[PDB]
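> Just the starting chains for now, same placement as in the complex:
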Amino acid sequence: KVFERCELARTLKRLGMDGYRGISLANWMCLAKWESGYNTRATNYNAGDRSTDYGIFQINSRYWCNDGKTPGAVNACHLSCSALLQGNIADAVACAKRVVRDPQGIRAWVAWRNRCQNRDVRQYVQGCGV
Amino acid sequence: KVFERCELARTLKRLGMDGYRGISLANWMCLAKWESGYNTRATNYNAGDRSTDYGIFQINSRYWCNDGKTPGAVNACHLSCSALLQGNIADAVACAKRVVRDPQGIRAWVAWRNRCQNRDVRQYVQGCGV
Amino acid sequence: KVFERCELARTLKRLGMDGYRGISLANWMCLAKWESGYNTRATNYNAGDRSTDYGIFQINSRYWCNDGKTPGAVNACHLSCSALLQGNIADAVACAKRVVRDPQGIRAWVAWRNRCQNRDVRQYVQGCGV
Amino acid sequence: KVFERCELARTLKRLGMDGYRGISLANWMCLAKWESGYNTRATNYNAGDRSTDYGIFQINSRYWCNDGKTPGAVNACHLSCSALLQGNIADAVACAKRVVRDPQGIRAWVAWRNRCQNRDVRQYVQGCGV
């Protein structure tokens, strides 16, 4: 028997949660491969009120670029005049007899098992409990 | 028997949750492969009121680019004059005899099993409980 | 027998939930492959009132670009003069004898099983409980 | 026998839920492949009142682009002069002898089984319960 009685108080004006605006979860995972890279800000834990962050506060830019006006026989396969961009330029240009991405192989992800769990995600106010 | 009695109080004016605006969940997962990369801000945990963030607060840009006016025989397969863009430029251009993406292979995802679970996602206020 | 009696109070003016505006769920998943990348903001957990975020607060841009006026024999297969865009430019241009995407393979997703579960998604106020 | 009696109070003025505007669900899933990427904001959990977010607060843009006026023999297969766009430009242009997308393969999704479940999605107020 976890407890005979609670007997918390002889008087009380309230018990419980007012204005609960919180967001709760159990975002745990069980996998074989994760790719979360290629970002401009990442995994930064900032505790405290009135936090602030800026990628670029101010940029007074004037800009000229020329990838053209080329009178030559062959200009090909080229990324050029890229600028003022906040983010990732990935696999931008490819020139090939054959291009492939992520071929999944022969019998390459077979018979893999997961047995992962949690008991509860609970936010509560109780006079006595277990 | 978890408890003989609750006997919490001799007087009370309320018990429970007022104005509950919270969002609860159990977003746990069981998988073999996850790809969540290629972002401009990611996995940043900011505790505290009045938090603020800006990707680019101000940019007074003037800009000229030329990828044309080319009198040459062949200009081909090229990303050019990209600019002022916040995000990801992926697989932008391809020139090939054959192009493929994600071929799924021969017997490449067979007989894989998952047995994953949770008990509850519960936000509550109770006088006594188990 | 979980409990003989509740006997919470001798007097009470209310018990329960007023103005419950919350959104509850069990968004758990069991799968083999997830692709959630290529975003401009992602997985950012901001606790606290009066939070604010801006992708670009202000941009006073003047802009000139030319991908034309080309008197040459062949200008082809090219992404050009892209600008002021917040988001993802993916697989923008392809030039090939053959183009394919996501071929699903031979016997490539066969006999895979899932056995995943949860017990409850419950927001409640009760005097005594189990 | 979970409980002999509830005996919660000798007096009460109410028990239950007033003004319940909440949205409840069990959005759990069991699958083999999920693709939720290519977004401009994603998976951002913002707890707290008076939250605000802007993709672009202000943009005073002046803009000139030219992809034409080309007197050359062949200008072809090209994305050009894209601008001021918030979202995703995917598979925008293709030039090929053959174009295919998502061929589903030979015996490529056969005999796969799911056995996934939940017990309840319940928001309630009860004096005593199990």
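Received it, and whenever you're ready, just let me know what you need. Numbers count the residues shown, from 1 in each chain, chains lettered A, B, ... in the order given.
> from here on, contacts and neighbour counts on C-alpha atoms
Will do.
> distance of the residue nearest the centre of chain A from residue B:102?
Among the residues of chain A, the smallest C-alpha distance to the mean C-alpha position (CA atoms, centre = their mean) belongs to residue A:36, namely 7.1 Å. The spacing between residue A:36 and residue B:102, counted by CA to CA, to the nearest Å, is 19 Å.
> swap in residue A:20?
The span separating residue A:20 from residue B:102 equals 45 Å under the rule CA to CA.
> again with residue A:21
Going from residue A:21 to residue B:102 by CA to CA gives 42 Å.
> Comparing these two, which shows the higher neighbour count?
Neighbours were counted for residue A:21 and for residue B:102 using other CA atoms under 10 Å in any protein chain shown; residue A:21 has more, 20 against 17.
> how about the nearest residue to the more buried one, chain neighbours excluded?
Here the nearest residue to residue A:21 in space, its sequence neighbours aside, is residue B:22; by CA to CA, 6 or more residues apart in numbering or on different chains that works out to 4.2 Å.
> from what I can see the one you found touches residue C:47, true?
No: between residue B:22 and residue C:47 no contact is recorded; they are 11.6 Å apart, counting by CA atoms under 8 Å.
> List the residues that contact residue A:21.
If a contact means CA atoms under 8 Å, 6 or more residues apart in numbering or on different chains, then residue A:21 has B:20-23, D:47-49 as its contacts.
> Now name the helix or strand holding it.
When elements are assigned from DSSP states H and E, residue A:21 belongs to no helix and no strand.
> Chain D contacts on chain A?
In this structure, chain A approaches chain D at residues A:21-23, judged by CA under 8 Å from any CA of the partner chain.
> Which of the contacts of residue A:21 are buried? Put it as a ChimeraX command.
With 16 or more other CA atoms under 10 Å in any protein chain shown as the burial test, the buried ones among the contacts of residue A:21 are selected in ChimeraX as follows:
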select /B:20,21,22,23 /D:47,48
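> quick one on the thing from earlier: overlap in contacts, residue B:22 and residue C:47.
Shared contacts of residue B:22 and residue C:47, defined by CA under 8 Å, 6+ apart, are found at A:22, D:47.
> throw chain E onto that model:
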Amino acid sequence: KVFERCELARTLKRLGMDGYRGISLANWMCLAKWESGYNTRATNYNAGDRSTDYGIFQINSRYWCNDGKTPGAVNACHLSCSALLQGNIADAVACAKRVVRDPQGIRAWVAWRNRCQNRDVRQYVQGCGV
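Now chain E, sitting on the chains shown earlier:
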């Protein structure tokens, strides 16, 4: 026998739900493939009153573009002068001897089974219960 008696109160003025404006559901799923990507805002959980969001608060744009006036032999297969658009430009242009989309393959979705379930979606107020 779950309980001998409820005996909740000696006096009561109400029991039940007034003004219930909530929306309840069991949106759980069991499938093999889901594609929910290509959005401009996604999976953002905002708890708290007076939340606000804007895609673009203000844009004072002036704009000139020219994809024409081309005196050349052949201008073809091209997306051009796209602008001020919030959303997705997908598979915009195709030029080919043959174009296909989603061919469903030979015996490619055969004998797949689902056995998924829930017990209840219930919002209730009861004096005692099980």
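> again for the contacts of residue A:21, chain E present now?
Remark: with contacts taken as CA under 8 Å, 6+ apart, residue A:21 is in contact with B:20-23, D:47-49, E:47-48.
> Please identify the residues of chain A in proximity to chain C?
Close to chain C, as judged by CA under 8 Å from any CA, chain A has residues A:22, A:36, A:49, A:87.
> any idea how far the third one is from chain D?
In this structure, residue A:49 and chain D are 13 Å apart, going by CA to the nearest CA, to the nearest Å.
> wait, doesn't that residue sit right on residue B:49?
Yes: applying CA under 8 Å as the test, residue A:49 and residue B:49 come out as touching, 4.8 Å apart.
> shared neighbours, the two?
Common neighbours of residue A:49 and residue B:49 (CA under 8 Å, 6+ apart) are residue C:48.
> Not counting sequence-adjacent ones, nearest residue to the residue nearest to the centre of chain A?
If the residues on either side of it in the chain are set aside, residue A:36 comes closest to residue B:37, at 3.9 Å by CA to CA, 6+ apart.
> burial measure for that neighbour, as a count.
When neighbours are defined as other CA under 10 Å, residue B:37 has 21 of them.
> For it, which residues are in contact?
The neighbours of residue B:37, taking CA under 8 Å, 6+ apart as the test, are A:35-39, C:36-38.
> go again using 7 Å as the cut-off
A:35-39, C:37-38 (CA atoms under 7 Å, 6 or more residues apart in numbering or on different chains).
> Correct me if wrong: residue A:80 contacts residue B:67.
No: contact criterion CA atoms under 7 Å: residue A:80 and residue B:67 do not qualify, at 8.7 Å.
> And the two? Which one has more around it.
Residue environment comparison for residue A:80 versus residue B:67 gives the larger neighbour count to residue B:67, 28 against 17, counting by other CA under 10 Å.
> number of nearby residues for residue A:65?
Counted with other CA under 10 Å, residues neighbouring residue A:65 total 17.
> Just to check, it is in contact with residue B:68?
No: distance between residue A:65 and residue B:68: 11.4 Å, which falls outside the contact criterion (CA under 7 Å).
> which neighbours do the two share?
Joint contacts of residue A:65 and residue B:68 (CA under 7 Å, 6+ apart) do not exist.
> can you slot in chain F too:
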Amino acid sequence: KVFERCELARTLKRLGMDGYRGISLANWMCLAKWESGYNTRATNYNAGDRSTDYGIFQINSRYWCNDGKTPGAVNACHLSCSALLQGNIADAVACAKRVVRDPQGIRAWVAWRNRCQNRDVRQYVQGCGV
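Next up, chain F placed on what we already have:
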């Protein structure tokens, strides 16, 4: 029996959580390979109020670049005139007889198992408990 009685107080004016704006989770993982690199800020833990960070506070740039005007026979496979960009330029250009990425191999991810767990993610206020 964890406790005979709680007997916390003879008088009380409240017990519980007011204005809970916190975000709780169990983001633990069990995997074989993780790639979270290629960022511009990462894993920075900043405790304390009024924290601030800037990627570039101010940049008054004037800029000229030329990758064109080339009268030579063949200019090819080149990234050029990249500038003023905050983020990652990955696999930007490829020129090959064949290009492949992430081939998944023969029997290369087979029979791998996970058995990982947690008991609870719980934020609560209780007079006595276990």
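> now that chain F has been added, could you go back to the neighbour count of residue B:37?
Neighbours of residue B:37 (other CA under 10 Å): 25.
> any idea how far it is from residue F:34?
11 Å.
> Find the residues that touch each one of the two.
Common contacts of residue B:37 and residue F:34, defined by CA under 7 Å, 6+ apart, comprise residue A:35.
> In contact with the residue nearest to the centre of chain A, which residues?
Residues counted as contacts of residue A:36 (CA under 7 Å, 6+ apart) are B:35-37, F:35-36.
> Closest one to chain E out of those residues, please.
Comparing the contacts of residue A:36 against chain E with CA to the nearest CA picks out residue B:36 as the nearest, at 12.3 Å.
> for chain A, what spans make up the strands?
With DSSP state E, the ranges of strands along chain A come out as A:23-24, A:29-30, A:34-35, A:45-46, A:52-56, A:59-66, A:74-80, A:86-90, A:93-99, A:113-114, A:120-128.
> Can you give me the end-to-end span of stretch A:60-78?
Distances were taken as CA to CA; on that basis the terminal residues of stretch A:60-78 are 28 Å apart.
> List the buried residues for it?
Residues A:61-78 are the ones in stretch A:60-78 that count as buried (16+ other CA under 10 Å).
> is chain B contacted by that stretch?
Yes: judged by CA under 7 Å from any CA of the partner chain, stretch A:60-78 comes into contact with chain B through A:60-78.
> Next: stretch A:7-17.
Yes: judged by CA under 7 Å from any CA, stretch A:7-17 comes into contact with chain B through A:7-17.
> for residue A:67, what are its contacts?
Residue A:67 makes contacts with A:80-81, B:66-67, F:66-68, as judged by CA under 7 Å, 6+ apart.
> Please produce TSV containing the residues you listed, extended by distance to residue E:107.
Putting these into TSV (distance: CA to CA, whole Å) gives the following:
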residue	distance to residue E:107
A:80	46
A:81	49
B:66	52
B:67	49
F:66	55
F:67	52
F:68	53
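> Between the residues you listed, which sits nearest residue E:113?
Within the set of the contacts of residue A:67, residue A:80 lies nearest residue E:113; the separation is 51.3 Å, counting by CA to CA.
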